[PDB]
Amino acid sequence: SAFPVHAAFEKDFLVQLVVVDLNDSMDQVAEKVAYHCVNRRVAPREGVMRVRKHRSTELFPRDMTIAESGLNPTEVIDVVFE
């Protein structure tokens, strides 16, 4: 159930390939993306990591799964705070 996304993490300089799973929650998706950004090129922060379609203003629910999100493989997401 591998599910590739292209993810841009808040305050990082690029978009990266992150392969997540169809049944991952958004919380779990954010954690998998953060692994490749936080304490590498982005300072660690308190606050809730949220996922959204790239450049959109609406956030996915934290416990919504990739499978029910309406996202398609290889679409671009942002991982942001608050």
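Residue numbers run from 1 along the displayed sequence.
Of the two stretches examined, 9 to 17 and 62 to 70, the record assigns the greater average C-alpha temperature factor to 62 to 70. Comparing the deposited coordinates for 46 to 54 and 30 to 38, the stretch with the larger average C-alpha B-factor is 46 to 54. Ranked within its chain, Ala2 lands in the highest third, by CA B factor from the PDB record.
In the deposited entry, the Cα temperature factor of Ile77 sits in the bottom third of values across the chain's modelled residues.
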